[PDB]
């Protein structure tokens, strides 16, 4: 059992790379055992606002999730306010009412993809998410800030920096491997790192 949420920068900085991002998300999902009693998948786009695209309880199989990803259109917007988006996910998407099994101790894995420095502070939100049971993996593309992605990530090791959307496919296996590593037992041995700025 895993709840896997993709939080995707949909600001204008991502417009040209968005089809490659959609491809990447599908590559990860295809590796997961998707179903209500196994892996649940959600996806939220964000810029200076958030837009849930589908929730952990929306689909019950691989076809449903993949079809939903394929149909995404870019949210748009000037900036990625990543900190606000992270808290929005914690408080609204990692919830029992929207299909999260957080209350039962199911891993809450949050894969964040962005291509620019955040338009807001991610430090405080990162603390709140780690204290609240989220396990984030920050994937910074291009101009994304390395420190920010490390800060967001449950521990810095989990963060990834890749120079272009073109290279995003080259990390799909290690992201899949991380999702596998992070079961309830492994997470039991892992503690998050909190040392803001």
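Residue numbers count along the first chain shown, from 1.
Of the two segments, 7 to 15 and 170 to 178, the one listed with the higher mean B-factor is 170 to 178 (C-alpha atoms only).
Just going by the entry, 39 to 47 versus 158 to 166 on mean CA temperature factor gives the higher value to 158 to 166.
Ranking 107, 125, 99, 80 by the C-alpha B-factor listed in the PDB entry places 80 at the top. Annotation for 143, 67, 151, 57: 143 ranks highest, by Cα B-factor.
Per-chain ranking of the deposited C-alpha B factor places residue 25 in the lowest third.
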